[PDB]
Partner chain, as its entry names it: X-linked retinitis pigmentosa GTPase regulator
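Single chain ahead, written as structure tokens, the form solved without its partner chain.
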């Protein structure tokens, strides 16, 4: 497949450098430099339980890409014990070949949150990376609320 081959070259050239989350406030809730976008292994992350109380969270996401992309975008789903509770769409747009970029997103909560003690270890965030319609990778991060 010509498309399959293109997705793999994009994946091969892609790196998530660092990321953080802030209350939208302005206060840093979490930050890391693990590439949570790597597919095929379940990532784990520890986040402050207070995040469950925020109406909105601001994410900063720094990434590099050898390959040019025309419409880089994400689809993210929150799963609780295997059931999708919420889905988010974010678009970055055009990506220059061999660039490093910082991408700011606003994540809003829809609905009433279960307590942290119930959620912890039972939430998975599934992320799909797209160039327009081309699925480049799928990764998963299990959340613990501390």
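Residue numbers count along the first chain shown, from 1.
Same protein, other form: the form deposited with its partner chain bound, not shown, and the subject of what follows.
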If you check in the deposited bound form, do 49, 120 and 146 all have a non-hydrogen atom within 4.5 Å of its partner chain? yes
Could you confirm whether residue 142 comes within 4.5 Å of its partner chain in the deposited bound form, counting heavy atoms only? yes
Taking 4.5 angstroms as the cut-off for heavy atoms, does residue 34 touch its partner chain in the deposited bound form? yes
Whether residue 38 contacts its partner chain in the deposited bound form should be assessed with a 4.5 Å heavy atom distance threshold; does it? no
